[PDB]
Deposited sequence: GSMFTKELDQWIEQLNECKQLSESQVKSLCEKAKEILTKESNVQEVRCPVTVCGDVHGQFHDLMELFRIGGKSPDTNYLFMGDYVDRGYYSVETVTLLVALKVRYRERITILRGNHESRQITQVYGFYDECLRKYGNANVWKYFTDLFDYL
């Protein structure tokens, strides 16, 4: 019974942020997974020529709080079921400021920064 994620993901698709408490709870769930070894900001990829679903991150180059939040919530709900790709991350001034505008403070940014240090 992980319907809690469903609610979060549903909420994020409407582009409504999550709360600090939830953002924190999400990162910990992820960290828990990490430390061991279906349709929607993101964009659909079909494959060609001769499994799992495919997703591309961002438009082309340049990320919003809700985007990266959704990224995490997705991978926690679906694991290998959804492969997510970008070109060639938490450490940008625009993203820090965005967290700071949408939350009382810098905690959410810390939670993510911490979390992505596991990738």
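Missing from the model relative to the deposited sequence are positions 1-3, 41-52, 56-57, 68-74, 87-89, 116-120 (no C-alpha coordinates, numbering from 1).
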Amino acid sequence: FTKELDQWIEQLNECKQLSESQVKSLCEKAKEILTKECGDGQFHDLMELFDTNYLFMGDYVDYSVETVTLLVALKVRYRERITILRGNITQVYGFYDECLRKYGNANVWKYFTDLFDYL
From here on, numbers count along this sequence of modelled residues.
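Look at the mean CA B-factor for 15-23 and for 107-115 in the entry; the higher one is 15-23.
For the segment pair 97-105 and 5-13, the entry gives 5-13 the higher mean B-factor, averaged over Cα atoms. Out of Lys75, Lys36, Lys31, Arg86, it is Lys36 whose C-alpha atom has the highest B-factor in the PDB entry. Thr67 sits in the lowest third of its chain by CA B factor, as recorded in the PDB entry.
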